[PDB]
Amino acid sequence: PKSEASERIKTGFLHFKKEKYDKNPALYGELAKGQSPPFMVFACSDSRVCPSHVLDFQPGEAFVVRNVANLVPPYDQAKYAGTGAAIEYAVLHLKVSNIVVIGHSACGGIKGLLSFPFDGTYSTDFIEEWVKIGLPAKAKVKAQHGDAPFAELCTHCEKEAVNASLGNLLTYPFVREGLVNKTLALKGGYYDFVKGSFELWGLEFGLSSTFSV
């Protein structure tokens, strides 16, 4: 009498071990020495949006962070050491050259962001505390498309929130410095597993000659 879950784990790793790990001694021979991913990714915890899947990332390719609604809070050593550490490690230690915040269709996190009043009353332990990061995004979307159906509405808010997060990335000095030296780039993505579509946008950043006389 075994644990279904435990077994499910065992059989999964076994599959990985023989089909992947073993059939690629070259790869894991190096990966065992260190990592050097060019990407750092923020994706939702949501079971349906594994980043390694949707974008077919191979091992050693992307340093990943997954949290409720793929939110990137602003720089704060007392309230957001978790996020700050991942960003600081990825950008300054692994030297990623890209940061991508990926939002997705039907996000329960975003949906709660829209549904919660944020009028000083909380019905959750941490959820509201955490989704508040996207309030700006919610204000914008709600003010702009105030009469848009919730279904549509959420879609707008899922996308805006990525920009908000992107906006928050700029509160980190080492992120800004990365953009200045052009050793870093920031991008936003949107996965709609319903229509099975993907949208990718980015941040234009750099100086440009205007004229000389």
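For every residue, the number given is its place in the sequence shown, counted from 1.
Here the stretch with the larger average CA B-factor, out of 81-89 and 131-139, is 131-139. Of the two segments, 147-155 and 37-45, the one listed with the higher mean B-factor is 147-155 (C-alpha atoms only). In the PDB entry, residue 73 places in the lowest third of its chain by CA B-factor. Placement of the Cα temperature factor of residue 177 within the chain: lowest third of the modelled residues, per the deposited record. The deposited CA B-factor of residue 26 belongs to the highest third of values across its chain. Ranked within its chain, residue 170 lands in the lowest third, by CA B factor from the PDB record. Among the modelled residues of the chain, residue 183 sits in the middle third by CA temperature factor in this PDB entry.
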